[PDB]
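Numbering (my numbering), first residue to last: 540 to 639.
Scroll down for the structure; my scribbles are underneath it.
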(Lines of atoms letter the chains of each structure in order from A and count residues from 1; the text may use other names and numbers.)
(Lines give C-alpha, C1' and ligand atoms only; values in the text may rest on other atoms or scores of the structure.)
Protein backbone atom coordinates (compact mmCIF):
# COMPACT_ATOMS: atom_id res chain seq x y z
CA UNK A 1 0.00 0.00 0.00
CA UNK A 2 1.05 3.60 -0.63
CA UNK A 3 -0.24 7.10 -1.39
CA UNK A 4 0.60 9.58 -4.16
CA UNK A 5 -0.34 13.08 -5.30
CA UNK A 6 -0.41 14.81 -8.68
CA UNK A 7 -2.52 17.20 -10.73
CA UNK A 8 -4.47 17.27 -13.94
CA UNK A 9 -6.84 19.77 -15.56
CA UNK A 10 -9.59 18.64 -13.12
CA UNK A 11 -7.14 19.90 -10.41
CA UNK A 12 -5.45 17.94 -7.60
CA UNK A 13 -5.36 14.17 -7.74
CA UNK A 14 -4.57 11.59 -5.06
CA UNK A 15 -3.45 8.27 -6.55
CA UNK A 16 -3.60 5.57 -3.87
CA UNK A 17 -2.07 2.10 -4.27
CA UNK A 18 -4.36 -0.62 -2.92
CA UNK A 19 -2.73 -4.05 -3.17
CA UNK A 20 -5.00 -6.83 -1.95
CA UNK A 21 -8.39 -5.13 -2.25
CA UNK A 22 -11.49 -6.24 -4.16
CA UNK A 23 -14.53 -4.08 -3.49
CA UNK A 24 -14.44 -0.34 -2.84
CA UNK A 25 -13.54 1.65 0.30
CA UNK A 26 -15.80 4.08 2.16
CA UNK A 27 -15.51 7.57 0.68
CA UNK A 28 -16.53 10.28 3.15
CA UNK A 29 -16.42 13.77 1.65
CA UNK A 30 -16.29 16.25 4.53
CA UNK A 31 -16.17 20.05 4.59
CA UNK A 32 -12.75 19.83 6.24
CA UNK A 33 -10.97 16.77 4.84
CA UNK A 34 -11.62 13.37 3.25
CA UNK A 35 -11.93 9.87 4.70
CA UNK A 36 -11.18 6.54 3.03
CA UNK A 37 -11.42 3.24 4.92
CA UNK A 38 -10.27 -0.08 3.45
CA UNK A 39 -11.46 -3.17 5.31
CA UNK A 40 -8.82 -5.90 5.45
CA UNK A 41 -6.36 -3.39 4.00
CA UNK A 42 -4.45 -2.57 7.18
CA UNK A 43 -1.27 -0.85 5.99
CA UNK A 44 2.05 -0.77 7.90
CA UNK A 45 3.26 2.39 9.63
CA UNK A 46 6.17 2.28 7.19
CA UNK A 47 3.79 3.23 4.38
CA UNK A 48 1.62 5.82 6.13
CA UNK A 49 3.89 8.59 4.86
CA UNK A 50 2.27 11.98 4.26
CA UNK A 51 2.55 14.43 1.36
CA UNK A 52 3.93 17.97 1.33
CA UNK A 53 2.00 19.53 -1.56
CA UNK A 54 1.89 22.94 0.11
CA UNK A 55 1.30 26.06 -2.00
CA UNK A 56 0.66 23.87 -5.05
CA UNK A 57 -2.28 26.07 -6.05
CA UNK A 58 -4.75 23.21 -5.55
CA UNK A 59 -7.92 22.48 -3.53
CA UNK A 60 -5.99 19.78 -1.67
CA UNK A 61 -4.17 21.26 1.33
CA UNK A 62 -2.07 18.15 1.95
CA UNK A 63 -2.42 14.37 1.83
CA UNK A 64 -1.96 12.36 5.03
CA UNK A 65 -1.83 8.58 5.38
CA UNK A 66 -2.52 6.78 8.66
CA UNK A 67 -2.66 3.07 9.48
CA UNK A 68 -4.36 2.33 12.81
CA UNK A 69 -7.57 4.16 13.60
CA UNK A 70 -9.24 1.92 16.18
CA UNK A 71 -10.82 -0.75 13.97
CA UNK A 72 -9.13 -4.09 13.31
CA UNK A 73 -7.87 -4.57 9.74
CA UNK A 74 -9.13 -1.12 8.54
CA UNK A 75 -7.04 1.68 7.02
CA UNK A 76 -7.72 5.38 6.82
CA UNK A 77 -6.82 8.30 4.56
CA UNK A 78 -6.90 12.02 5.37
CA UNK A 79 -6.92 14.47 2.47
CA UNK A 80 -7.18 17.99 3.88
CA UNK A 81 -8.90 20.47 1.56
CA UNK A 82 -9.87 24.14 1.37
CA UNK A 83 -12.73 26.26 0.04
CA UNK A 84 -15.43 24.78 -2.18
CA UNK A 85 -14.41 21.63 -4.05
CA UNK A 86 -15.66 18.32 -5.45
CA UNK A 87 -14.48 14.74 -4.96
CA UNK A 88 -14.22 12.27 -7.84
CA UNK A 89 -13.14 8.65 -7.37
CA UNK A 90 -11.76 6.66 -10.30
CA UNK A 91 -11.01 2.93 -10.51
CA UNK A 92 -8.71 2.19 -13.45
CA UNK A 93 -8.33 -1.34 -12.08
CA UNK A 94 -9.11 -3.68 -9.15
CA UNK A 95 -6.53 -2.31 -6.74
CA UNK A 96 -5.65 1.18 -7.97
CA UNK A 97 -7.68 3.98 -6.39
CA UNK A 98 -7.70 7.66 -7.35
CA UNK A 99 -9.27 10.87 -6.05
CA UNK A 100 -9.65 13.87 -8.36
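The beta carbon of each residue, even a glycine, is placed where N, CA and C say it ideally should be.
Sorted by chain position, which residues of the same chain lie with C-beta nearer than 6 Å to residue i's C-beta, five sequence neighbours on each side aside?
i: residue 554; result: 543 and 637
i: residue 627; result: 639
i: residue 724; result: Here the chain covers residues 540 to 639 and nothing more, so residue 724 does not appear.
Can you tell me which of the options puts its alpha carbon nearest to the alpha carbon of residue i?
i: residue 540; options: 558, 546, 552 and 551; result: 558
i: residue 598; options: 620, 579 and 569; result: 620
Considering only DSSP beta bridges, list what residue i is partnered with.
i: residue 576; result: 565
i: residue 623; result: None; residue 623 has no bridge partner.
i: residue 546; result: 551
i: residue 556; result: 541 and 635
Taking 7 Å as the limit between beta carbons, can you name the residues of its chain near residue i, skipping five residues before and five after?
i: residue 576; result: 564, 565, 613, 614 and 615
i: residue 606; result: 581, 582, 583, 584, 587 and 614
Let's test the definition: count the other Cβ atoms within 10 Å of the Cβ of residue i and tell me whether it reaches 16, buried, or not, exposed.
i: residue 634; result: exposed
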